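Derivation of every value follows stated rules applied to the coordinates shown; laboratory data play no part. Here the Cβ is made from the backbone with ideal geometry for all residues, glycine too, and neighbour counts use every protein chain on show.
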2 protein chains.
Amino acid sequence: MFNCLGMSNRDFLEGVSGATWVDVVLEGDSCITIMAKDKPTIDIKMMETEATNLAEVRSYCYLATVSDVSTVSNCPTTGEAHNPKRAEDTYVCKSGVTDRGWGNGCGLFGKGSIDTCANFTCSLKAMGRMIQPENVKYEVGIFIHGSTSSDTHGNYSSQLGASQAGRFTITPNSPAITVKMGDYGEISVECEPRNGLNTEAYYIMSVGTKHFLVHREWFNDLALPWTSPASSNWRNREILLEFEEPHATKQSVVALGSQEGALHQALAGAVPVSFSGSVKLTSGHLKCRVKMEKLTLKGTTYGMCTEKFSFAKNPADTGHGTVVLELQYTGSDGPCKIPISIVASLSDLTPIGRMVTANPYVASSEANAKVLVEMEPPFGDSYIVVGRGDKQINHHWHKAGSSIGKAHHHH
Amino acid sequence: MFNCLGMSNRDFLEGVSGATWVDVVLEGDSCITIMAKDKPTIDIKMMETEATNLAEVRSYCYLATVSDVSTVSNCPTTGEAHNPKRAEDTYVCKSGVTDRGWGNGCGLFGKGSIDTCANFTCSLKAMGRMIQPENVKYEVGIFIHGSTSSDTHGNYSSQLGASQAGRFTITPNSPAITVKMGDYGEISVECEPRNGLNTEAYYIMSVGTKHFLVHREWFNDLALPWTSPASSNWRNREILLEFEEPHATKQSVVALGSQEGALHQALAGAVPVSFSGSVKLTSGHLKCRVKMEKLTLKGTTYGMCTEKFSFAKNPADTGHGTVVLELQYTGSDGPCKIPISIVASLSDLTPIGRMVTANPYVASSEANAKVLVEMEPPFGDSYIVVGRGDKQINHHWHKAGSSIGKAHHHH
């Protein structure tokens, strides 16, 4: 979707009289319709958020195995013990003093030395990757409620071609942007990413079959053996190793148990992510100020359409307290403004309610044009009326509800 | 090998005065010579460890492919979507709600339903098998250092026939055993398998061309799709599947990437094994207590041999600080005890050193018998002397080393 219509995850905001900005929250899967006095209605929504060229920060080991454990030992006065496995970098080595005597095969009594080494291999590891702010693009779609039909309204190519839709990019570095709006002037947008979209606060951690957005502080403080992205030999290998109390000529080295369970429990709350090479960020939101003082209706204005209309599609409930319909216009006098309104009584034509599709018009000079119109009728019974006199058509509508005030369940 | 001689992987233990047991570690490829006061010297070693009738525990999938992905979709009020592929068990199916409207071909606006299915096939799997304790035999060989020759010493048939060798089985269920020792009384042996021989701690995992001894806890916690040995349809197939965000009438289903690399890295430390139908366990060891209070020299004792000896084989270094030789006896007065000793000087015949082949004797009544003798000479110069007076033969020996104490490199 590049527009608000048809979406269930949709909100409506008002640009009230005199307001020069509207504050919005843009989620990955939602859409905002903004209606404002003497301005075209506009939709704004997040289209996509992608981050390219993730860089490794560090990898941690959460299950180690030990192998090839050996101890070199020397009786007192016979020199210090050195384990030759000290040459091989995958071995962790530990020097020690031992009590020696006749009983343990040494002629003299006193301190002997030992040097025990053991081969370190990581069984299970988790990688952390980071996102550079210069490699993040937040794609935002804008739609202007100009003339559309049921066929053209959700067609991006058609809307882009009528200068009624477009796509702009917001970045962590360039969070402000002025977007031209065809014949409607321009808007200015400034956003701040929050939660899952504030990539400065997180790393992507790959564990097992999954990838997770994880808080940087927690990842950095993980007390596990680790490797740098370059020069990969495990550091702090001693965590997960237990050098047991040594005997005179031998020493046992055992791996600690797996920390995988503790890891999974740490990741239970975290948002899973997919394909960390060009990751798609779904969670979180942008907090944006849409400045609209230069958003304007079109300088070229029209007269009213004079010929007759019919309902090409009868009013339908959108689920949002609004109704949408499609008119077909017989006249060839376009472009022209559509004489459509909502009234309480066919005997009293005072307009009530509100048009979502503000200033509806036929765009085409050709006959039989189709125009979609979305409107908010009042609570109770009303009539959608198009035209006047003996060209008038109308359709009754009933909207459930009251003005007392809606309960909400915000998430 | 059923005996210690000729092996490089050999250790010597002492049954000291008053000790009623000796504690030993039996590895798959090593041998222990035990010398003890007023007892025959004995060898003890692991002969084989085999496990029969392994049973499958579970199999895991570490690379899945998806195929025949399809979605059935329904507009609002038109009923719930059901995918008929829900009948076929190899399909994973996922129900969903979608936003519907004119734009996506539905007359009414509201929630439509979808039902997407996809065929699951495992590309690469690993099987885990378990060993019942009742199907494990640890075979242990015992040799008594009775009279032998260079020809008979390593001949099992000859040694079994002289009641100087035998083979007994230790099992996880029956880890204790009393073994008769011919005319030497008996010993009692009790063992505990450790590491690679403690089959209660492991499963055999078949991956690719290889089989590995793997820790049970790690295998059981593997978060991959799995099948029971019976009723084989994959469970937890959803791991390795990604149902992508659905469009109105379509939904993409993709397999996750292979977990083979993570698997190989998990198996890098593990001990490889061969032929898991009757697997041979090589790695690990038995920790055994050899009780020897009823081990005894033979009740039938001999006088000294009176006739002359010659060296059929000159003393040879075994590599263990011991020397082995072969005498040939001219006399027909056997069986008789051999008058052999180690001395510092031919002018002073005080015995020094130690006989590995304790109480050497000629077993045969026939002439020209050959008797192997292994002995530990002191550091420095010494003489091996056989016989007395003008029947005396001797051979000088030099042993490098000192009594200060040997450095060791235990593994």
Percent breakdown of C-alpha pair distances by 5 Å bin, ordered from the shortest bin, for the stretch B:187-312: 2, 7, 10, 12, 12, 9, 8, 7, 6, 5, 5, 4, 3, 2, 2, 2, 1, 1, 1, 1, 0, 0
Convex hull volume per residue for chain B, taking Cα atoms only, in Å³: 176 Å³
Volume of the Cα convex hull of the stretch B:100-249, divided per residue and given in Å³: 175 Å³
Positive dipole terminus of chain B, leading residue within B:57, B:149, B:116 (C-beta point charges): B:149
Part-to-part distance (alpha-carbon centres) for the stretch A:208-252 and the stretch A:104-179, which is given in Å: 25 Å
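Would you list A:177, B:114, B:42 from fewest to most Cβ contacts within 10 Å?
A:177, B:114, B:42
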Trypsin sites (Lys or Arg not before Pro) restricted to DSSP loop in the stretch B:26-96 with at most 14 other C-beta within 10 Å: B:37
Mean-position separation - Cα centroids, the stretch B:335-364 and the stretch A:1-45, in angstrom: 107 Å
Separation of alpha-carbon centers, the stretch A:381-402 and the stretch B:65-103, rounded to whole Å: 39 Å
Fluctuation leader among B:352, B:142, B:204 - chain B, Gaussian network, Cα springs under 10 angstrom: B:352
Cα centre as origin, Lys/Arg/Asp/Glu Cβ charges: the stretch B:71-168 dipole, Debye: 240 debye
Descending principal axes extents, the protein assembly as shown, alpha-carbon based, whole Å: 153, 56, 44
A:302, A:62 arranged by Cβ crowding within 10 Å, fewest neighbours leading: A:302, A:62
Shielding score for B:99-106, defined as the mean number of other chain Cβ atoms within 10 Å: 6
Within 10 Å of each Cβ in A:148-155, the average number of Cβ atoms from other chains: 2
Point-charge dipole on Cβ atoms (K/R +1, D/E -1) for the protein assembly as shown, about Cα centre, debye to 20: 20 debye
Cut-off of 10 Å, at most 16 other beta carbons, DSSP loop: longest stretch of chain B lacking such GluC sites (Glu not before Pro): B:89-237
Isotropic mean projected area of the C-alpha convex hull, the stretch A:224-270 (nm²): 4.9 nm²
Inter-copy label distances at residue A:110 (7 Å, Cα→Cβ; nm, one decimal): 9.5
Dipole axis of the stretch B:298-411 (+1 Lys, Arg; -1 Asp, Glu on Cβ), positive-most option in B:345, B:359, B:327: B:359
Pairwise Cα inverse-distance average, inverted: Kirkwood Rh of the stretch B:298-411 (Å): 15.0 Å
Cβ-vector label at 7 Å, residue B:21, separations to other copies in nm: 8.3
Shielding by partners, peptide A:118-129 (average Cβ within 10 angstrom, other chains): 2
Furthest towards positive pole of dipole, B:316, B:379, B:301, structure part the stretch B:298-411, Cβ charges: B:301
Ranking of A:318, A:121, B:116 by count of other Cβ atoms within 10 Å, fewest first: A:121, A:318, B:116
Pseudo-label separations to other copies for residue B:367 - Cα-to-Cβ vector, 7 Å, nm: 14.4
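How big is the dipole moment of the stretch B:298-411 about its Cα centre under a simple scheme where the beta carbon of each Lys and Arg is +1, that of each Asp and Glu is -1, and everything else is neutral? Debye, nearest 20, please.
Charge dipole of the stretch B:298-411: 160 debye, to the nearest 20.
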Residue of chain B nearest the B-to-A rotation axis [by Cβ], rounded angstrom distance: B:263, 2
Net charge contributed by nearby residues that have their C-beta within less than 11 Å of residue B:362 (K/R +1, D/E -1): -1
Of the chymotrypsin sites (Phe, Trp or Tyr not before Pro) in the stretch A:304-402, those whose Cβ has at most 15 other Cβ within 10 Å and which sit in DSSP loop: A:379
